[PDB]
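Protein chains in written order, with full-length UniProt numbering: chain A, 156 to 567; chain B, 691 to 701, 706 to 1138. Don't be surprised by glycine CBs; every beta carbon is placed ideally from N, CA and C. Below is one structure, written out as structure tokens; comments come after it.
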Ligand SMILES: *[C@@H]1O[C@H](CO)[C@@H](O[C@@H]2O[C@H](CO)[C@@H](O[C@@H]3O[C@H](CO)[C@@H](O)[C@H](O)[C@H]3NC(C)=O)[C@H](O)[C@H]2NC(C)=O)[C@H](O)[C@H]1NC(C)=O
Ligand SMILES: *[C@@H]1O[C@H](CO)[C@@H](O)[C@H](O)[C@H]1NC(C)=O
Ligand SMILES: *[C@@H]1O[C@H](CO)[C@@H](O)[C@H](O)[C@H]1NC(C)=O
């Protein structure tokens, strides 16, 4: 249970729901917090479970990393007639039972939550409040989105949503479109930067780089340990969290003797006397950087949603119209010759009342062909199909010819 | 041109008493543009209903075998670099990464039907690379293909070519009937059925090419054999079974191994590939094309491909149970005719074109017959002066004959003049023959 050694204060509680301060004020190996234990269930919240040693939304809020929205959480008991549930109703979520509250990161990059009236619980889609008699509601709030938060100083005031072929994602109106509008629920990764709003992304590529800052170390201490806090006889072997702000930095001063692994000893001053706490290195921590518009940036925090996107499938798939007539067709006693413009003709076929005749030649602006059947003697109309080198030129043309005299053709 | 005396019925003044003529008829099918002729004679100056089966055209259609679809695809990649011992960056996990298996970092993708693969690459391990550990780190890449253009191409092959005859059936009192049928096949038309023998050749070999069909745009030919297994660097490297699968890059589409080129250079990953644009190849070999004297081209109606090869066939279509008669035709009609000209050749497949000026007071037909009965001329007669044409066969350089023409009335003398051109074969042994020639190229 090393994941319960939270970075920073580890305050996994929300304002108003302060009935679980025994175990939700700093989250430790001992208790059980309703607003945190859901994150560690197998198969749920996999993105945070991968980045398990980064702050949650509530933790980031309590460290002043992420601000709190204006109507911080308009209670449905007192504000069910106000335009509150606008960003919530565009998301597709799934809450478990016996939960009276649920918090999410709104569009402006702040934290807002939905609180059902007392003794009511949130339904399976977190959209309605339902009252079940004789039910014990949990004391925490369900994290709606799957996200992990960190502290950043990189500025992102010029960052904006840039998705191709999207007219509207979530509650953001990307542009104005007319015509067909494909509408569906999609999993859209997002990120929030300093002095910015939510920035939905098309591709989620990110990297982490480790460091030796205090948030990268997991200090603990045994319960009942000699010459330590809570130094009394015990009946169970359990750990206890330790604050790294006490162990002295290298070449510095501190209040508690501290020991640890190689990474801790390389940055802090590992003691030579009896140690008070063991400070290892959070094996997954570091600084996570996102790539937006090719350039890497440091987000306040990233996640993903299930919002409704209004795409545009197509304006026009393809247009195939070509009534081209840039050719001259003049029947000649020597042969059927058609003179065309710049586009060259390699092979052609001539059809006149069933019987057809074909010709092949190198690409040229003109081609001569033998007359099909008795069309030379009888004249009439003759259709010609040819293969142009270019495109957008009609391949079916018709030539009108009067009756001809074979004597000139065979004259010798 | 042939009678039906074996099963002739009594086609009461005016009223019709047709007995559903059951006797079949056997007449050799005429050449291309010619017609097949019938004699429903009743009482002189009455009846004489003519059934005409005009030979529209003969084409060497294609019998398609296997087929598949393809389009233009472009890849997109998602990367996630984690240090050693983080997640599943164990050397064994990084090396054994099964493309079919997805990493836990790109779980927002979740379940999807897009064609996709997953790769894992090692990078530097050490404080210079970015990780305190010295064992190599990992870079998980998820790549999925997406379609660029909203179009697809169908690629098929012709296992064999079949002779196919198009006939214009000029039924009794109305010529609205066109039928297309192959060799040794029957078509259940009105008044029974029509069957074609075409005993000469039911096939014209095979080939080793493949044809592209763009829906609503035309056809094309590629100079490669049709391969049922995808191959890198050829057409159909990525192939599907439907246009929807192509336009959505569905995972059911097959593709060759090692199509995506990965450049894991330390700053940014580069996911790219070199793929043959099927649209370029389609535009390159547009249909109107000639290969070793075959000249494949789009069939009339744009529903397939043809094969213009030198040859000819013998066709003997058989009518059966032909019965289409009414009672209003019992009245006689007057008609007049005037000879116009004579053009064409002799002893030739094309024949000699015969045109006649018809001046009639109403609906009717023409039954000009020569003295010996060898040559028959039939032309419909309509109100006012009309100019209709017919096609006959001759074996004389000059034509000078008289025909007993009568449009359901009295026979009057119709005289035809003119000479016929000579089809220089610059190569003759004893004769030419009519047969039924399928279209052929110049290089034959
Ligand atoms: C032998 O006489 C035939 C019968 O007149 C001619 O064959 C065709 O005659 C048609 C009408 O009798 C003509 O149709 C005309 O076509 C022109 C232009 O193509 C248009 O004005 C109309 O479609 C039509 N005009 C009408 C109905 O008044 C054909 O022009 C004609 N075919 C041709 C081109 O020969 C022959 O002309 C004639 N043979 C010889 C050797 O001259
Ligand atoms: C390393 O961290 C991952 C989560 O980031 C954890 O699953 C794994 O157990 C850790 N390795 C250890 C503790 O050896
Ligand atoms: C694909 O992966 C799944 C789970 O990762 C596995 O059950 C299945 O056997 C794999 N199929 C292969 C390797 O062909």
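Residues of chain B with CB closer than 8 Å to the CB of residue 344 of chain A, please, in chain order. 802
Taking 7 Å as the cut-off, is the CB of residue 1049 of chain B close to at least one heavy atom of ligand 1? yes
Just to check, is the beta-carbon of residue 439 of chain A closer than 7 Å to a non-hydrogen atom of ligand 2? yes
Need the endpoints of the beta strand (DSSP E) that residue 201 of chain A sits in, please. It is not in any beta strand (DSSP E) - residue 201 of chain A instead sits in the alpha helix (DSSP H) that spans 201 to 205.
Residue range of the beta strand (DSSP E) that includes residue 946 of chain B: Looking at the DSSP string, residue 946 of chain B is not in any beta strand (DSSP E), and its letter there is neither H nor E.
Taking only beta-carbon positions, decide if residue 1135 of chain B is within less than 8 Å of chain A. yes
Runs of beta strand (DSSP E) wholly within the region 1050 to 1098 of chain B (minimum 3 residues, chain order): 1062 to 1064, 1078 to 1086
Output yes if chain A places a C-beta closer than 8 Å to the C-beta of residue 767 of chain B; else output no. At a cut-off of 8 Å between beta carbons, residue 767 of chain B makes no contact with chain A.
Residue ranges of each beta strand (DSSP E) within the region 890 to 946 of chain B, 3 or longer: 904 to 908, 912 to 916
Got a sec: does ligand 2 put a non-hydrogen atom nearer than 7 Å to the Cβ of residue 198 of chain A? no
Under the assumption that residue 375 of chain A contacts residue 160 of chain A (Cβ atoms under 8 Å), give the Cβ distance between them as a whole number of angstroms. Confirmed, Cβ separation roughly 6 Å.
Identify the residues that DSSP records as bridge partners of residue 257 of chain A: which are they? In the DSSP output, where bridge partners are listed per residue, residue 257 of chain A has A:269, A:297.
Given this structure, state the Cα-to-Cα distance separating residue 812 of chain B from residue 795 of chain B, to the nearest angstrom. 7 Å
Near ligand 2: residue 202 of chain A beta-carbon under 7 Å from a heavy atom: no
Beta carbon proximity, residue 502 of chain A to chain C, threshold 8 Å: Any reference to chain C falls outside this structure, whose protein chains are A and B.
For ligand 1, any of its heavy atoms closer than 7 Å to the Cβ of residue 769 of chain B? No, since every heavy atom of ligand 1 falls outside the 7 Å radius drawn around the Cβ of residue 769 of chain B.
is_contact[residue 807 of chain B, chain A] using C-beta, thresh 8 Å: no
Note the first and the last residue of the continuous beta strand (DSSP E) segment covering residue 974 of chain B. Not the beta strand (DSSP E): residue 974 of chain B falls in the alpha helix (DSSP H), residues 972 to 978.
Rounded to whole angstroms, what is the Cα-Cα separation between residue 179 of chain A and residue 217 of chain A? 12 Å
Strictly below 8 Å CB to CB, what residues from chain A border residue 772 of chain B? Going along chain A in sequence order, the residues near residue 772 of chain B (Cβ under 8 Å) are 358, 359, 360.
Considering only DSSP beta bridges, list what residue 1107 of chain B is partnered with. Paired residues: B:1098.
Can you have a look at residue 826 of chain B and say buried or exposed, based on whether 16 or more other CB atoms are within 10 angstroms of its CB? buried
Report all residues from its chain with a CB closer than 8 Å to the CB of residue 1110 of chain B; omit the five preceding and five following residues, and keep chain order. 1033, 1036, 1048, 1093, 1094, 1095, 1096, 1097
Quick one: is residue 862 of chain B near chain A, going by C-beta distance under 8 Å? no
Would DSSP call residue 419 of chain A helix, strand or coil? helix
Should residue 1008 of chain B be flagged as near chain A, meaning a C-beta pair shorter than 8 Å? For residue 1008 of chain B, the answer is no, since every Cβ of chain A falls outside 8 Å of its Cβ.
Any chance the region 882 to 895 of chain B sits against the region 762 to 780 of chain B, with 3 or more Cβ pairs inside 8 Å? no
Within 10 angstroms of the Cβ of residue 790 of chain B, are there 16 or more other Cβ atoms? Answer buried if so, exposed if not. exposed
Given that residue 532 of chain A touches chain B, what residues does it touch there, using C-beta distances under 7 Å? 1037, 1038, 1115
Unbroken stretches of the alpha helix (DSSP H), 4 residues or longer, contained in the region 722 to 784 of chain B: none
Measure the Cβ-Cβ separation of residue 224 of chain A and residue 267 of chain A and say whether it is below 8 Å. yes
Separation of residue 897 of chain B from residue 1051 of chain B, as counted between CA atoms: 42 Å
Given that residue 541 of chain A touches chain B, what residues does it touch there, using C-beta distances under 7 Å? Result: 982.
Under the criterion of a Cβ to heavy atom distance below 7 Å, does residue 779 of chain B qualify as lining ligand 2? yes
With distances taken Cα to Cα, identify the nearest neighbour of residue 764 of chain B among B:973, B:995, B:1020, B:838. B:973
Ligand 3 and residue 702 of chain B: does any heavy atom of the ligand fall closer than 7 Å to the residue's C-beta? No atoms are given for residue 702 of chain B, which sits in the stretch of chain B between 701 and 706 that the model skips.
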